[PDB]
Structure formats: structure tokens, C-alpha cells
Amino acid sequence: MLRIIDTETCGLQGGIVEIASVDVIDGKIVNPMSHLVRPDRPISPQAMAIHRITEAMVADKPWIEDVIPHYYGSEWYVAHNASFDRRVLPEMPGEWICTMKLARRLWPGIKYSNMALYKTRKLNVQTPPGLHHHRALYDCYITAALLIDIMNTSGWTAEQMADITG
């Protein structure tokens, strides 16, 4: 089982306003999870412009400390540009896999953003009703759909994608 993690934040420096994962078993996506989170800092305007999550939405939510345990249960954590989420999240009990690094080894000379790959690779996932891009669970599905494409194409195991990831 590979668990894709995505996160929304107050800015590039961190503070968590949302977290989500989907799990990947037998090349299928299952077991969606997502939580709005009460951050440790103001939500930057430039951040708010992106994910559209307001102070009002998170003010009654638990802290990242409180919420993270729900995401335990996985040897492997997959994140697009995993280095970000790795930094801004608290220490996870798995090992990491970055779908950005992998897509660059897999398909050199292309464009390497979550949404760029998804279009380029002409992919189609059953997306969650009612969330736009750069939300939380949405991008997980995009990233997962992209993880599947990547495994199918290369046949890479978990532990191979971990090592490549570095």
C-alpha cells in the first residue's frame, strides 16, 4: 500500500491549514482521508489566493499535532515534490517517495508540476465531488493517478521509488 499525502499551508515556509491522503492498492485508489487543520500562524494572503481557505474555516479545527496520527499506518508516503510536505509536516513514520523526482527520471525534458504531468500524461481520475484544484483531497487524486501511471510505466516497486527519491 502506497499512501499519497497532500497538504495546504499558510505559505511556503509552512503552517498547515489542510491535510489529505489517498491510498493506492493493486493499482486502485481507495480510502480517502482529509482534514481541515488549525495552523500555527496567520494564513498569508498569497497563500489564501491559492487554496482559498480562510481563517474562518480553520479557527475551530484541531492542531496539526492532533490531526496527524490519523495518517499513520503506512510504510510509504508519496507526495508531489515530497520535499515540501516532508518539511512542513511533522515527522512521519514511513519512508518518502516524490512523484516529481520520478517523473523527471521517467520522462526527461517535460514539465513537472502536478497538473502539468496530469495533462501531458492525458490522465483521468474519478475526482471528489465539490473540491477545486489546490484544495487537499483533490490534488491527492491527481497525484495518485500520476503515481499509478508511473508504476505501470516503469514497474518500479515501492522500495525502488524510495531509493530514487533519494
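Residue numbers here begin at 1 and follow the sequence given.
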Residue range whose averaged C-alpha B-factor is higher in the record, 156-164 or 2-10:
156-164
Tell me which stretch, 135-143 or 113-121, has the higher mean Cα B-factor listed in the entry.
113-121
Note to self: of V37, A103, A56, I43, the C-alpha temperature factor tops out at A103
Could you look up the Cα B-factor of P128 in the entry and say which third of the chain it sits in: lowest, middle or highest?
highest
For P62, return the chain-relative third of its C-alpha B-factor as stated in the PDB record: lowest, middle or highest.
lowest
